[PDB]
2 protein chains.
Amino acid sequence: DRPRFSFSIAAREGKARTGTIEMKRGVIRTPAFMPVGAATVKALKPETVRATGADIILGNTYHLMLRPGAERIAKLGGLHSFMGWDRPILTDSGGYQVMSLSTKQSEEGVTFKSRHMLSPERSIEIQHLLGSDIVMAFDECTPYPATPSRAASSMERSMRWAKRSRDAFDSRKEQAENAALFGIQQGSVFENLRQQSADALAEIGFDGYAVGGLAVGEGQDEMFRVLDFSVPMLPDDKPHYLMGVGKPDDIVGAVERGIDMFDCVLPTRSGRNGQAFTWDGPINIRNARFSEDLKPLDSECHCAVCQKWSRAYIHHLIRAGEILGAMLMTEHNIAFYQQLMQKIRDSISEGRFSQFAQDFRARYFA
Amino acid sequence: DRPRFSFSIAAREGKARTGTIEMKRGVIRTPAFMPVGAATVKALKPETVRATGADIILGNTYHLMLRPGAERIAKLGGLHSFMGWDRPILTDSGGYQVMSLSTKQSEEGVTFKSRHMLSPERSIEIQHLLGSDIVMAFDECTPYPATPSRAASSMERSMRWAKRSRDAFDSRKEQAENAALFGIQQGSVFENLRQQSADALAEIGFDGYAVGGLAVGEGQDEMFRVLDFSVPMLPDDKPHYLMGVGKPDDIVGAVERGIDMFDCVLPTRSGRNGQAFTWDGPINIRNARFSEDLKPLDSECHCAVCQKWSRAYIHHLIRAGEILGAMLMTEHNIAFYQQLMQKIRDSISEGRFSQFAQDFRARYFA
Ligand SMILES: [Zn+2]
Ligand SMILES: [Zn+2]
């Protein structure tokens with residue numbers, strides 16, 4: 001049987017890596033894109049999510065502790081059986097979404113409006129009740145921009161919370177034996193704080209390391225600059241997860257900088273809004289120029305949507321507000337993202353990822 | 001290859017019949033339930049519609065001449081290739097929906113608000129442009145209640161329009177050779193007018209005969225009373241289609257009275273609203289009593305939804321407004337309707353339909 005957690009690197013090119021994470025509920029091919037799931041990947045059955053190539057999905061913790069409730073999901077058998085996805089699930093720790101969507105912050109945790117608390121201990125407990133396979137430490141995503149003083153204080157708190165997260169996880173035998181725990185690096189855009197955060201997380205020890213605090217308004221140039229120095233600070237032999245990223249070009253550049261795992265609502269959310277990804281760049285299917293276009297969304301995509309329906313039909317559906325429009329757009333977009341990850345993995349494996357990145361950009365931004 | 005149109009009756013019990021309609025694009029098992037489709041059966045891929053057991057679907061004419069337009073659908077290859085359903089499609093003629101949703105009525109047709117005209121000739125032409133397999137005559141659905149004078153005048157106009165529909169259909173060689181045409185009986189609740197309408201339609205001659213003008217507020221007792229005398233007036237050797245019906249008990253009683261074909265938005269529309277059909281009667285999945293219910297929607301249903309997800313999960317999805325909730329509710333409800341039709345067909349074939357109707361009602365209304 002598979003181990004609780006094993007990450008193996010099969011091939012490398014520069015800072016880019018390709019390999020596998022083996023967990024009890026399945027193998028995750030890296031670099032990986034993880035579709036974002038209120039206990040559903042919006043508009044898709046789990047079998048459709050899997051058919052697009054996804055190895056792991058993300059459970060929506062902040063949504064789930066509010067509705068339907070973590071204790072309720074546990075009573076019903078856990079998130080996997082509740083939603084019908086039997087493969088790995090990664091759950092965020094909830095603080096980012098509390099500070100984004102809900103607040104009273106303290107060293108103990110965060111209280112927020114129905115009133116609720118989240119602390120490192122309660123966050124880890126909720127993720128256990130959901131049955132998460134990859135548990136995220138409870139952190140604070142520092143707003144951008146941040147002064148050096150405030151970034152330092154925030155990062156220092158996150159590192160204290162990272163230790164509390166580790167200890168809460170380890171003190172729950174069933175969780176420690178069956179799930180994995182990732183720590184989250186903070187420090188805003190400042191190299192010295194990113195180094196201090198990486199050192200603190202490595203001293204505690206985690207199964208994987210996320211780069212937190214990015215994709216919060218800084219823009220791609222600055223994000224890439226921070227990744228340039230931040231990713232090498234993390235343990236090389238563990239997975240690197242860039243939280244909240246992102247657009248196809250952001251993924252390609254992040255892989256060039258050593259990132260192994262990605263999550264974003266862009267393919268799902270923007271799909272329902274009419275944006276379809278293609279190898280020639282995104283298109284907005286609502287545009288009148290597609291009303292009589294019999295071509296599929298993308299000329300090369302292997303997804304079931306591009307095998308069966310035209311741009312003209314999907315244009316009509318989205319303009320009419322039809323649910324099937326959201327279903328088809330989302331399946332195509334998630335499938336496109338997975339095909340992107342497959343091309344990334346194969347090109348690294350073949351030592352031609354730098355050429356792939358150049359070719360991808362030349363066509364995507366032509 | 002299959003004929004343009006052949007209806008064959010394989011077994012009978014009282015006024016109930018079971019058999020098949022063979023058309024170029026497929027076989028339709030009768031009694032048949034036809035799911036209602038803006039060029040989509042809401043929230044379902046065509047493959048899912050077929051997997052529930054549907055042999056034919058209904059194209060939404062009134063929606064389609066407005067959006068995306070009949071000429072546009074024809075330029076794109078017709079409704080079948082546009083939406084991805086390769087089996088028979090029946091289209092209504094549009095006047096009912098104009099008078100329900102839009103008006104200036106005359107002997108020529110109806111003008112309505114963008115301004116548009118519908119006449120017998122234009123209705124038949126639109127249905128041709130869509131590529132409909134079963135074309136409905138252009139009629140007037142008399143409002144209920146109607147005085148005898150107004151019901152008579154309305155029915156008389158409909159019969160003149162039925163002849164114009166016949167001639168327009170026959171004058172288009174490709175349509176006459178590949179599609180079928182159904183006439184629509186009118187006459188409100190009045191036996192003498194229903195007889196005059198049936199006689200006029202049989203003199204013209206049609207491939208099938210619909211009972212129009214019902215399911216418009218009269219209630220089941222009155223609808224059944226009108227069916228009692230109206231269905232025997234129609235040619236026995238052609239299919240009988242009750243337009244706009246309906247609830248499961250209405251279908252059972254209409255089959256007992258000689259109806260072969262049904263259409264209604266109830267399984268799709270009420271599914272998205274939280275109503276799920278079960279052999280013990282409908283339930284509203286939004287009710288708090290389902291929040292922790294691990295049973296499937298129905299204990300015997302063979303559909304994929306009942307194989308895989310709990311009431312508790314679907315309750316959560318519908319309460320959260322999630323698209324997947326609409327998808328799962330609609331697939332189950334359409335599958336339930338098809339299982340009802342299969343039990344009807346099998347029980348007629350086995351000479352035990354009267355017992356099935358009694359058993360069905362005892363449990364459904366317990
Ligand atoms: Zn595609
Ligand atoms: Zn079912």
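Residue numbers start from 1 in every chain, and the chains themselves are labelled A, B, ... in the order their sequence lines are given, proteins ahead of strands. Atoms within a ligand are numbered from 1 in the order they appear, just like the ligands themselves. For the numbers below, each heavy atom of this structure counts, side chains included, while hydrogens, waters and symmetry mates do not.
Applying the side-chain hydrogen bond (donor to acceptor under 3.5 Å, both in side chains) criterion to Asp55(B), with sequence neighbours excluded, gives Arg29(B), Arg50(B). In this structure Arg87(B) satisfies the salt bridge (charged side-chain N to carboxylate O under 4.0 Å, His left out) test with no other residue, sequence neighbours excluded.
Restricting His332(A) to its N/O/S atoms, the shortest distance to the Zn ion (ligand 1) is reached by ND1.
One finds an angle of 110° at the Zn ion (ligand 2) between SG on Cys303(B) and SG on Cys301(B), to the nearest 10 degrees.
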Test side-chain contact (heavy atoms from CB on, under 4.5 Å) applied to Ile348(A) and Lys343(A), step by step:
CA-CA 9 Å; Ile348(A) 297 164; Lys343(A) 290 174 182 285; over 6 Å; no
Taking it one step at a time, do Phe33(B) and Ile334(B) satisfy side-chain contact (heavy atoms from CB on, under 4.5 Å)?
CA-CA 9 Å; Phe33(B) 182 77; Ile334(B) 294 291; 4.2 Å; yes
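Residue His302(A): no N/O/S atom is found under 2.8 Å from the Zn ion (ligand 1).
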